[PDB]
Structures are given as structure tokens and as C-alpha cells.
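One chain follows as C-alpha cells, the form solved without the named molecule.
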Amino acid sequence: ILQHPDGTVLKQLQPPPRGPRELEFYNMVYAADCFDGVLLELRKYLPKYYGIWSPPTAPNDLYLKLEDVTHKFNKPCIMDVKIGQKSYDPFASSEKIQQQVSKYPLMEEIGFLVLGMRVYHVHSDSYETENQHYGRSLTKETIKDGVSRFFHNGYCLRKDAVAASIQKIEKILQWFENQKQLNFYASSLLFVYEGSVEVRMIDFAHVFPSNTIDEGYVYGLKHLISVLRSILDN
């Protein structure tokens, strides 16, 4: 992800088939002639899409030009959470499945995984960053405190941001409970609040057509909501 001063990010397409699939996802959703009510509603929860972009002198080098969801914040606190019970998609080989489950074998049980966070701390005027090993170390016993860490800002627990996060996730969940045409694997929610709220869906390299509720995504959202709700009682 390259952050551009104009308030966009450039995401380089991942190698095939992932990058092409994510391109086609955005293209389908943001199709100019799209009057699909499900897909029109979905646009609210995605980064705004500005189309494919490549350097003037390098047509080979493919990027997605996306809204920088963090742009309107002064000191954004950012958390990336992968959603679902399965991080592998319906066409994964046995080895791929093993690889994906191996990465975090608690995915089925918990239904989400923290990919990272950047938390601005007022006292130090500095950022605390957690990498992918942070979230992959969290268990059922430590997930609540694991998530809570994100909201430690301003000499307090930011229950305002926690409550707002629940409210925004709830709308995304309502979307999922009213669609049966897309299933989402290894996609994320990006949480942003002001450290000095946004909750958006990102990362669509494994989005597939379906004829069922995305039950794994729904489970993940519901468990995430339940954890955040518990944090409100701290």
C-alpha cells in the first residue's frame, strides 16, 4: 500500500490469480451501469474506487487507486482485522488449506484475526505498532485484551470508539444478512479512530460468487461485536 498526498492509496495487484480477482471485484461493484441494490449498498462499506492505475511509462505495473480511509484523521489509530472462519477459498488445494489453517489454526473457533494495529499514544506523542505475529499469538483466553489494546488512547480506554465500532460493524453485518451472492475469504475490516470512526471492508483477492449466506463472515462479525461489547464493561 502506497499512501498518496491526494488522499488515495495505490494497492499493487498481488500476483495472479489474487490481484486480477480483486480488480474484477472492484470493477463489478463499481460498474457504472450497476443497478444491483446489494452491490450499490456494498459501496458504502468499501474504499471509494478510482479505477485501475498504472505509471505513465509502465503499463505492466498494475495498481488499484482506492480511497485512503485514514486520510480525514489527524492522528489515526488503525487496526486491520481479517474476518471469517476460513482464510482459504473454495478452490484451495489440500496444501493451500493446510498452509492457511497453519497460519492461524484458531480461525474457525474465533472467526477473526488481528493482522496489525497502529495506536497513537498522546502521552509519548508516538505510535505503538503490532505486526501479524501479535494477532496470531492471541487465543480465546487473550483475545479480549488483545483487541482492547487498540483502544488504549487519551489516558483511557476509548469506549466511545469501541461503541462506534460496534455500531458500524452492525451495519456491515446487516448487509451480509441481506445478501446471498458473495462470499468473502481472507478479507479484512479496517478500523480507524482519532487518536489526537471508520470501519471499512478491504482486501478482496478471495471474494467468490455464492448462493448462500456468508456464514463464516457473519460468525466473525458477531464474535467481534461480542468481544467489543464486553470491552464496554471494562
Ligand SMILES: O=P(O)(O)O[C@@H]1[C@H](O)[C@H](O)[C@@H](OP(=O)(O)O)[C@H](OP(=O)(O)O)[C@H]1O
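C-alpha atoms forming the largest set that superposes within 1.5 Å between two forms make up the rigid core. Don't overthink the numbering: it's just position in the shown sequence, from 1.
Asker: Is 155 to 163 or 137 to 145 the stretch whose C-alphas end up farther from this model in 9 other deposited structures of this protein after a rigid core fit?
Answerer: So, of the two stretches, the farther one in 9 other deposited structures of this protein is 155 to 163.
Asker: Name the stretch that deviates more in 9 other deposited structures of this protein: 98 to 106, or 146 to 154? Use RMS CA distance to the shown form, core superposed.
Answerer: Most displaced of the pair in 9 other deposited structures of this protein: 146 to 154.
Asker: Does the entry skip any residues of the deposited sequence between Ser196 and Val197, and if so, is it 1 to 3, 4 to 9, or 10 or more, or none at all?
Answerer: 4 to 9 residues lack coordinates between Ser196 and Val197.
Asker: Between 217 to 225 and 7 to 15, name whichever shows the higher mean Cα B factor according to the PDB entry.
Answerer: Comparing averages over the C-alpha atoms only gives 7 to 15.
Asker: Out of 88 to 96 and 69 to 77, which one has CA B-factors that are higher on average in the deposited record?
Answerer: Taking the mean C-alpha B-factor of 88 to 96 and of 69 to 77, the larger value falls to 88 to 96.
Asker: Can you tell me which of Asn178, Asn183, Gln167, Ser188 has the maximum CA B-factor listed in the PDB entry?
Answerer: Of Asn178, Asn183, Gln167, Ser188, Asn178 has the highest C-alpha B-factor.
Asker: By the entry's C-alpha temperature factors, tell me which of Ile83, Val122, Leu115, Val162 sits highest.
Answerer: Across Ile83, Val122, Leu115, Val162, the entry lists the biggest C-alpha B-factor for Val122.
Asker: Looking at the entry's B-factor column for C-alpha atoms only, identify whether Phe150 ranks in the lowest, middle or highest third of its chain.
Answerer: As the PDB entry reports it, the C-alpha B-factor of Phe150 lands in the lowest third of its chain.
Asker: Hey, what third does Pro47 fall into on Cα B-factor, ranked over its chain?
Answerer: Within its chain, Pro47 is a lowest-third residue by C-alpha B-factor, going by the deposited values.
Asker: Taking only the Cα B-factors deposited for this chain, tell me whether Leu40 sits in the lowest, middle or highest third.
Answerer: Within its chain, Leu40 is a highest-third residue by C-alpha B-factor, going by the deposited values.
Asker: Which third, lowest, middle or highest, does the C-alpha temperature factor of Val192 belong to within its own chain?
Answerer: For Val192, the deposited C-alpha B-factor lands in the lowest third.
Asker: Where does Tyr30 sit by CA temperature factor within its chain: lowest, middle or highest third?
Answerer: Tercile = highest for this residue's CA B-factor.
Beyond the structure shown, there is the form solved in complex with the named molecule, which is absent from this document and is the topic of what follows.
Asker: Considering the named molecule in the bound PDB entry, which of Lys72, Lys96, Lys144, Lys75 comes within 4.5 Å of it through any heavy atom?
Answerer: It is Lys96.
Asker: Would you mind picking the one in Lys103, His121, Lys159, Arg149 that has a heavy atom within 4.5 Å of the named molecule in the bound PDB entry?
Answerer: Checking each option against the named molecule in the bound PDB entry, the one that comes within 4.5 Å is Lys103.
Asker: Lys82: heavy atom within 4.5 Å of the named molecule in the bound PDB entry?
Answerer: Contact check for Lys82: yes, within 4.5 Å of the named molecule in the bound PDB entry.
Asker: Do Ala186 and the named molecule come within 4.5 Å of each other in the bound PDB entry, heavy atoms counted?
Answerer: Looking in the bound PDB entry, residue contacts with the named molecule include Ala186, since a heavy atom lies within 4.5 Å.
Asker: Given that the partner is absent here, does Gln132 sit within 4.5 Å of the named molecule in the bound PDB entry, heavy atoms only?
Answerer: Yes, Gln132 is a contact residue.
Asker: Would you classify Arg18 as touching the named molecule in the bound PDB entry, given a 4.5 Å non-hydrogen atom cut-off?
Answerer: Although the named molecule is absent here, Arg18 would touch it in the bound PDB entry, with heavy atoms inside 4.5 Å.
Asker: Since the partner is left out here, which residues of 188 to 226 would have a heavy atom within 4.5 Å of the named molecule in the bound PDB entry?
Answerer: Sequence-ordered list has one entry, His206.
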